[PDB]
Amino acid sequence: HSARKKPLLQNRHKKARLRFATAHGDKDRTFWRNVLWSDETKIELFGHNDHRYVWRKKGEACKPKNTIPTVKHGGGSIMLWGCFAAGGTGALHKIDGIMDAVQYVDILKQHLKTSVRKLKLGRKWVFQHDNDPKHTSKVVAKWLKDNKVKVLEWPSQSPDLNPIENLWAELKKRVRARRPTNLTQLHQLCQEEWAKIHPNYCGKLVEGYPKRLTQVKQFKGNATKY
Amino acid sequence: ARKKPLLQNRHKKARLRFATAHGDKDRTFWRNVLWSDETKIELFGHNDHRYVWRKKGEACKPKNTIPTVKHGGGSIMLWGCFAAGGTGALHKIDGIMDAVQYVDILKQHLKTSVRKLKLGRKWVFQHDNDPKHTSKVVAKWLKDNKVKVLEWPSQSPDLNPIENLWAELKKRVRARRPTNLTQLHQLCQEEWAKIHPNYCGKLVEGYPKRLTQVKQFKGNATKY
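Residues numbered from 1 in each chain as written, not as in the entry; some residues may be left out. Chains lettered and ligands numbered in written order. Heavy atoms only, no water. Residues with missing side-chain atoms left out of burial classes, pairs and counts.

- Regarding how it was determined, this PDB entry cites X-ray crystallography in its header, along with a resolution of 1.400 Å.

## Looking at the overall build of chain B
- A tally of regular secondary structure across chain B gives eight helices and six strands.
- Of the regular secondary structure in chain B, the N- to C-terminal order runs α-α-β-β-β-β-β-α-β-α-α-α-α-α.
- For the C-alpha atoms alone, the extent of chain B along its principal axes is close to 65 × 50 × 35 Å.
- Long-range contacts, defined here as pairs at least 24 residues apart, represent 75% of the contacts in chain B between residues at least 6 apart. (Helix = DSSP H or I, 4+ residues; strand = E, 2+ residues; numbered from the N terminus. Contact = heavy atoms within 4.5 Å.)

## Here's the deal with the pairing of strand β1 (residues 35–44) of chain A
All names here are of chain A.
- Sheet topology note: the β1/strand β6 (residues 126–127) ladder contains two bridges and is parallel. Along β6, the bridge assignment pairs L36 with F127.
- Pairing analysis gives eight bridges linking β1 to strand β4 (residues 77–85), with the strands arranged antiparallel. Bridge pairing in β4 places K42 opposite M79. (Pairing = 2+ DSSP bridges.)

## Notes on the side chain of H127 of chain B
Residues and elements named next belong to chain B.
- Within the element layout of this structure, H127 appears in the loop between β6 (124–125) and α4 (136–144).
- Using a relative accessible area of 5% as the deciding quantity, one classes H127 as buried.
- Residues in contact with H127, not counting those within four places in the same chain, are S36, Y102, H133, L142, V149 and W152. (Buried < 20%, exposed > 50% of the residue type's maximum accessible area, 1.4 Å probe, protein only.)

## Observations regarding the sheet that holds strand β5 (residues 88–95) of chain A
Residues and elements named next belong to chain A.
- Read from one edge of the open sheet, four strands run β5-β4-β1-β6, paired in mixed fashion. The outermost strands of the open sheet, each flanked by one partner alone, are β5 and β6.
- Packing of helix α7 (residues 199–207) onto the sheet brings it into contact with β1, β4 and β5, and relative to β4 it is tilted by some 75°. (Axes fitted to C-alpha atoms, helices over the stretch in contact; angles between N-to-C directions.)

## Some points on the environment of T65 of chain B
- Here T65 of chain B shows up in the loop between β3 (58–60) and β4 (75–83).
- Once the C-alpha coordinates of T65 of chain B and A175 of chain B are considered, the two residues, 110 residues apart in sequence, prove to be 22 Å apart.

## Section: the packing of aromatic side chains
- For the structure shown, the criterion picks out 14 aromatic pairs over all chains.
- Pairing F31 of chain A with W32 of chain A gives two aromatic rings, centres 5.0 Å apart and planes at 80°, and the pair type is edge-to-face. A single burial state applies to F31 of chain A and to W32 of chain A, both of which are buried.
- Each ring, one from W37 of chain A and one from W154 of chain A, has its centre 6.5 Å from the other, and the planes form 70°; the classification is edge-to-face. With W37 of chain A in strand β1 and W154 of chain A in the loop between α4 (138–146) and α5 (164–177), this residue pair connects regions lying 117 residues apart in the sequence.
- An aromatic cluster is present here, built from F20, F31, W32, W37, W154 and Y209 of chain A joined pairwise through their rings.
- The aromatic ring of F31 of chain A is capped on one face by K27 of chain A, whose charged end is 4.4 Å from the ring centroid.
- The ring of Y51 of chain B has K61 of chain B lying over it, and the distance from NZ or CZ to the ring centre is 4.6 Å. (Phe/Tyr/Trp six-rings, centres within 6.5 Å; stacked < 30°, edge-to-face > 60°. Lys NZ or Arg CZ within 6 Å of the ring centre and 35° of its normal.)

## Notes on the pairing of strand β1 (residues 33–42) of chain B
Residues and elements named next belong to chain B.
- Across the 10 residues that make up β1, a large majority, eight, are buried.
- Relative to β6, β1 is paired through two bridges, and the arrangement is parallel. By the bridge assignment, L34 is partnered in β6 with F125.
- Relative to β4, β1 is paired through eight bridges, and the arrangement is antiparallel. Following the sheet pairing, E38 is matched in β4 by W79.

Structure follows, in structure tokens:
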């Protein structure tokens, strides 16, 4: 008991997380390698606590002497939809404005089966997406059914169980290091760096996956470290 | 126990003369030298293992590559200068620089840089022994415009701290992974702006140690 790890941070939907984690606790490695994970993310050009050079004066790039903390600088941002599996990155798509169900269907049309083929996933491959209500809207459910897509069981409020959240941090690190100064550049750097992310990086994310399910069970469905 | 040089320099006599003749100079002297040189920055460095193409969405390096001294991305050629107090002008050279383009670059940028860097009245200009620098026209421009030129030993880039500054600019620009020459040029000017006086000053503060090593090594090649 004392020697067990006890969670300090609660998660909602702990019973659903236990149903997911216990039932997938003995799935084999091939199965996890053939899950196509997916999510959206937002990348800011000027990160809210990135100490960037803001102006040039007398030939020197300058950072401000005095700043007030903020949650959001100017400079704008890009929103992205992406997918990946253990074997590598799938499609990356810039999303414009708020995404609705019809727009989500169009994203899947284009990019889902092309990604699966490019990644050479096996015949029993499974698609993962989160529990946004748009994902079971009539038009989306019909597209998934008509295109024979198998959808992974999924608990709500569980980004610590989707390794794509690690992949986005890798993309952000690569993009940030190229020091973009405008949004056309931010877009092109996101696509270029996504294309460079190593297949072995992706593989290492998925290799670690069953340990996440072990920790969800140990923590009775509360928040994991991941 | 003494350090003994493993690599010879053909111009050890002149190097040893330079170090002897300058080894007593105060730090003020080195802070008032305006160092200068040109450098070429390749878009696709000859042994940079860059991704060359995309196929099936994946960026790819070739399965088999033969070494080369030069890839086909093109390059930018730059003239620059600096002193302990900071960067001077950075200028993109048009094609291949001849003596007239060199005089023109000096017009525009040399004394502007001395002004902006606030060098003392006895500032000195440094540049290497490229035959162009000794031409009737460059030598006459320097004399007419009252520029004092540092006496300079051949094959001695290890004694010009701007070669470190060029490597710093190249590191910064390469890390931004440019994919065309327009970007390469813009990144060079952006990154030059990020190189500050403290960096420049630390290079020059270390300079007497270079002269110490030239003397220890009897004019042969240093580590620098």
